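Peer 1: Have a look at this one before I ask anything.
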Amino acid sequence: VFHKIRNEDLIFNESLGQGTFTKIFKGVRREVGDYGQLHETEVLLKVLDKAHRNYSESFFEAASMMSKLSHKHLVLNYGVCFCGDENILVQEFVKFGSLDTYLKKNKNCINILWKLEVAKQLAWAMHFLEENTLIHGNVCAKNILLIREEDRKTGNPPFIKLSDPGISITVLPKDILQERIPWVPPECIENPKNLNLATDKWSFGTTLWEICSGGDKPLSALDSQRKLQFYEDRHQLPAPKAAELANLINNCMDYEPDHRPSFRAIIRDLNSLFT
Ligand SMILES: Cc1cnc(Nc2ccc(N3CCC(N(C)CCO)CC3)c(F)c2)nc1-c1cnn(C(C)C)c1
């Protein structure tokens, strides 16, 4: 279960944005660490909105499944603060924030090798999940966090972690699901409870498209009704200008769930690009 953290030991600081029915804040946790040394630890405080408290179970189950595993590419959960009025997840703070914002800001400093490294790390995380037969259900660049920037003078590649899925698509309003096209696969638009390992393979492809597109959002110009018809007409996303992963993207975003490649196969395909 989750380590229960006291309101008294948490300081809330600046807002870092929003998720679905959530707000995130940078914060500080007072704790006793190794050797009994006192620390003031930077943390991410994720707060379920007051007006959506009926989603509290899905909110914590999302973080819970994530926290019964340990892996270098998965965001750490420190605990929960059930205390009082609010429902709060206390997670590790990641310096450089979401990948989608980072891509947009640094679009012109990010080359093919950077993208390949991040894609490989994300595939490793998803491979780990697949081996444990655990569904994430919300893979997207917004839910990928950058721990460390690239350093091309000390050899260091960038390093990412995948954050928790948030409130499951199985219990979310239809309108939110439709807006999440094309991350949510077609079979889940027809029936959200078609949530399957195959689900994350589709969303992985959509996330690769993001990575290759400098933080653009695919189909952003389409409203929810046009997004629905995009799936009905069985369209594929356009290749990004940097089209090196275009085939991989389309192979993952296969309208037939059973034909989507394993993350083993995906990683093998990723390792094949270079010279
Ligand atoms: C789990 C987690 C851990 N650490 C962090 N850290 C973290 C650091 C920095 C930012 N910035 C926000 C503002 C940016 N600019 C300057 C103004 C407007 O864009 C600058 C970057 C950040 F959003 C997040 N976030 C998370 C986490 C958990 N869920 N989510 C989703 C809901 C987004 C993120």
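By order in the structure tokens, chains are A, B, ...; within a chain, residues start at 1; ligands start at 1, following the order shown.
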May I have a table of the residues of chain A lying at most 9 Å from ligand 1, giving each one's closest pair of atoms and their distance in Å to one decimal, counting only C-alpha atoms and all ligand atoms, ordered by chain and ascending residue number, as a Markdown table?
Peer 2:
```
| residue | atom | partner | partner_atom_place_in_ligand_line | distance |
| --- | --- | --- | --- | --- |
| A:15 | CA | ligand 1 | 12 (C) | 7.9 |
| A:16 | CA | ligand 1 | 12 (C) | 4.4 |
| A:17 | CA | ligand 1 | 23 (F) | 5.7 |
| A:18 | CA | ligand 1 | 32 (C) | 5.1 |
| A:19 | CA | ligand 1 | 32 (C) | 3.8 |
| A:20 | CA | ligand 1 | 32 (C) | 7.3 |
| A:22 | CA | ligand 1 | 32 (C) | 7.0 |
| A:23 | CA | ligand 1 | 32 (C) | 7.0 |
| A:24 | CA | ligand 1 | 32 (C) | 6.3 |
| A:25 | CA | ligand 1 | 24 (C) | 8.1 |
| A:26 | CA | ligand 1 | 6 (N) | 7.2 |
| A:43 | CA | ligand 1 | 4 (N) | 7.4 |
| A:44 | CA | ligand 1 | 3 (C) | 5.2 |
| A:45 | CA | ligand 1 | 2 (C) | 8.2 |
| A:46 | CA | ligand 1 | 28 (C) | 6.9 |
| A:75 | CA | ligand 1 | 1 (C) | 6.2 |
| A:76 | CA | ligand 1 | 1 (C) | 7.9 |
| A:77 | CA | ligand 1 | 1 (C) | 8.2 |
| A:90 | CA | ligand 1 | 1 (C) | 8.5 |
| A:91 | CA | ligand 1 | 1 (C) | 5.7 |
| A:92 | CA | ligand 1 | 3 (C) | 5.5 |
| A:93 | CA | ligand 1 | 4 (N) | 3.8 |
| A:94 | CA | ligand 1 | 4 (N) | 3.6 |
| A:95 | CA | ligand 1 | 8 (C) | 5.1 |
| A:96 | CA | ligand 1 | 8 (C) | 5.0 |
| A:97 | CA | ligand 1 | 8 (C) | 3.4 |
| A:98 | CA | ligand 1 | 23 (F) | 5.5 |
| A:101 | CA | ligand 1 | 19 (O) | 6.2 |
| A:102 | CA | ligand 1 | 21 (C) | 7.5 |
| A:142 | CA | ligand 1 | 33 (C) | 5.7 |
| A:143 | CA | ligand 1 | 31 (C) | 5.7 |
| A:144 | CA | ligand 1 | 34 (C) | 7.9 |
| A:145 | CA | ligand 1 | 25 (N) | 6.6 |
| A:146 | CA | ligand 1 | 6 (N) | 8.3 |
| A:147 | CA | ligand 1 | 4 (N) | 8.5 |
| A:161 | CA | ligand 1 | 1 (C) | 8.8 |
| A:162 | CA | ligand 1 | 1 (C) | 8.3 |
| A:163 | CA | ligand 1 | 1 (C) | 5.5 |
| A:164 | CA | ligand 1 | 29 (N) | 7.4 |
| A:165 | CA | ligand 1 | 29 (N) | 8.7 |
| A:166 | CA | ligand 1 | 29 (N) | 8.2 |
```
Peer 1: What's around residue 204 of chain A at 10 Å? Count only C-alpha atoms, leave out sequence neighbours fewer than 6 positions away in its own chain, and write the answer as a PyMOL selection string.
Peer 2: chain A and resi 119+122-123+126+138-141+183+210+248-249+252-253+263
Peer 1: Pull the alpha helix (DSSP H) assignments for segment 41-216 of chain A out of DSSP run on the backbone, and list those residues as number ranges by chain.
Peer 2: A: 56-67, 99-105, 112-131, 174-179, 186-190, 197-212
Peer 1: Hey, what's within 10 Å of residue 180 of chain A if we count only C-alpha atoms and toss same-chain stuff fewer than 3 positions away? As a list in words, please?
Peer 2: residues 138, 140, 169, 174, 175, 176, 177, 183, 184, 185, 189, 219, 220, 224 and 227 of chain A
Peer 1: Suppose you want the space between atom CA of residue 197 of chain A and atom CA of residue 113 of chain A; what is it in Å?
Peer 2: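 Rounded to one decimal, the two atoms are 27.9 Å apart.
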Peer 1: Could you please write out, as a list in words, every residue of segment 109-220 of chain A that DSSP assigns to strand (DSSP E)?
Peer 2: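 Here are the strand (DSSP E) residues of segment 109-220 of chain A: residues 144, 145, 146, 147, 148, 159, 160, 161 and 162 of chain A.
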Peer 1: How would the residues just picked look written out with N, CA, C and O atoms as a CSV table (one decimal), in the first residue's frame?
Peer 2:
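As a result, result_28.csv now contains:
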```csv
chain,number,residue,atom,x,y,z
A,144,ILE,N,5.2,11.9,-20.1
A,144,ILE,CA,6.6,11.5,-20.0
A,144,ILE,C,7.3,12.7,-19.5
A,144,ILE,O,7.2,13.9,-19.9
A,145,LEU,N,8.2,12.4,-18.5
A,145,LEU,CA,8.9,13.5,-17.8
A,145,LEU,C,10.4,13.4,-18.0
A,145,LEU,O,11.0,12.3,-18.0
A,146,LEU,N,11.1,14.5,-18.2
A,146,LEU,CA,12.5,14.6,-18.4
A,146,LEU,C,13.3,14.8,-17.1
A,146,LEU,O,13.2,15.9,-16.6
A,147,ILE,N,14.0,13.8,-16.7
A,147,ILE,CA,14.8,13.8,-15.5
A,147,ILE,C,16.1,14.6,-15.7
A,147,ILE,O,16.6,15.3,-14.8
A,148,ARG,N,16.7,14.4,-16.9
A,148,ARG,CA,18.0,14.8,-17.2
A,148,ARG,C,18.1,15.2,-18.6
A,148,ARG,O,17.6,14.5,-19.5
A,159,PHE,N,17.3,11.5,-20.1
A,159,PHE,CA,16.7,10.4,-19.4
A,159,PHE,C,15.3,10.7,-19.0
A,159,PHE,O,15.1,11.8,-18.5
A,160,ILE,N,14.4,9.8,-19.3
A,160,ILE,CA,13.0,10.1,-19.1
A,160,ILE,C,12.4,9.1,-18.1
A,160,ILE,O,12.9,8.0,-17.8
A,161,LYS,N,11.2,9.4,-17.6
A,161,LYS,CA,10.4,8.5,-16.8
A,161,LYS,C,8.9,8.7,-17.2
A,161,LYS,O,8.5,9.8,-17.5
A,162,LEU,N,8.2,7.6,-17.2
A,162,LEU,CA,6.7,7.6,-17.4
A,162,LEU,C,6.0,7.8,-16.2
A,162,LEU,O,6.2,7.1,-15.1
```
Peer 1: Quick one: of A:202, A:124, A:59, A:12, who's nearest to residue 258 of chain A, counting only C-alpha atoms?
Peer 2: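 Closest candidate: A:202.
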Peer 1: What gap, in Å, lies between atom CA of residue 156 of chain A and atom CA of residue 132 of chain A?
Peer 2: 29.1 Å
Peer 1: So that I can check the surroundings of residue 229 of chain A, please list as a short mmCIF file (atom, residue, chain, number, x, y, z; two decimals) with C-alpha atoms, in the first residue's frame every protein, DNA and RNA residue that reaches within 12 Å of it, counting only C-alpha atoms and ignoring chain neighbours fewer than 4 positions away.
Peer 2:
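Result saved to out-v7.cif:
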```cif
data_model
loop_
_atom_site.label_atom_id
_atom_site.label_comp_id
_atom_site.auth_asym_id
_atom_site.auth_seq_id
_atom_site.Cartn_x
_atom_site.Cartn_y
_atom_site.Cartn_z
CA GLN A 178 -13.09 11.67 -27.85
CA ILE A 181 -8.16 10.84 -30.06
CA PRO A 182 -5.68 9.79 -31.47
CA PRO A 186 -10.30 3.06 -32.01
CA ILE A 189 -13.67 4.68 -28.49
CA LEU A 219 -5.17 16.14 -35.19
CA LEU A 222 -10.01 18.57 -35.62
CA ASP A 223 -12.92 18.87 -33.18
CA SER A 224 -14.27 15.79 -31.40
CA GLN A 225 -16.77 14.97 -34.12
CA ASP A 233 -12.72 6.47 -42.19
CA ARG A 234 -9.73 4.51 -40.85
CA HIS A 235 -7.20 7.29 -41.51
CA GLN A 236 -3.55 7.25 -40.36
#
```
Peer 1: With only C-alpha atoms as the basis for distance, which of A:60, A:78, A:21, A:209 is at the shortest distance from residue 42 of chain A?
Peer 2: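 Closest to residue 42 of chain A, using only C-alpha atoms: A:78.
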